[PDB]
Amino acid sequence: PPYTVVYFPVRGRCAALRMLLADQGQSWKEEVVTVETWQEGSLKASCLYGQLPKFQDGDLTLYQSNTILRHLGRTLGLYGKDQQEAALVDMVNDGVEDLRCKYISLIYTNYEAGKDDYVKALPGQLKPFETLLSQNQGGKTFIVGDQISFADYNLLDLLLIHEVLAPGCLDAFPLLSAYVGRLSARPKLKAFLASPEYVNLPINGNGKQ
């Protein structure tokens, strides 16, 4: 296979790029790094920023989850139709990343004490994406333009993990709710999301969700 994903046995920051690969009919190798392998230290020391995911496209070695997403978007035609749409795709992805960072901070550093405030603040964090959908073909296609982009897969993952954290959090957002249902039903993505490869991994690395 042309691609290799090097990561812990977690959905985490690889869920969106895996959904992209599966939905686009791509083949890839999963190199699963156990915690004991990670703690041995040698792989970590060889990683550019000391972290995973690590990704290979042939001999091209990449780090940074959003770099991997942008690489796949650029090379597979999932980055809008022109330069203006490319910028809007980036604007969406950067917004997704900001909220993912807040989610990660809650999960790994403050779940017990922070969850109630986080969930009560979540409608204002999700509203921008409903607004974006409302401005693009009435929310009936994708987050930018009329074709899927890497930002759709990242936004879809962000929405799915927040549905687990806070069931019903999309109920006030009809376009986001329909968008999740529509994209999740795409045949290859639907089959992947139902597969043990996905279902039998935890969302995060610390048992919380």
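Counting begins at 1, following the sequence as shown.
Per-stretch averaging of Cα B factors for 30-38 and 61-69 places 30-38 on top. According to the PDB record, 179-187 carries the higher mean C-alpha B-factor of the two stretches 148-156 and 179-187. Ranking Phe129, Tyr111, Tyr79, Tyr103 by the C-alpha B-factor listed in the PDB entry places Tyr111 at the top. Per the deposited record, the Cα B-factor of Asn93 falls in the lowest third when ranked against the other modelled residues of its chain. Annotation for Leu43: C-alpha temperature factor in the highest third relative to the rest of the modelled chain, per the entry. Sort the chain's modelled residues by C-alpha temperature factor and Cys169 lands in the highest third, per the entry.
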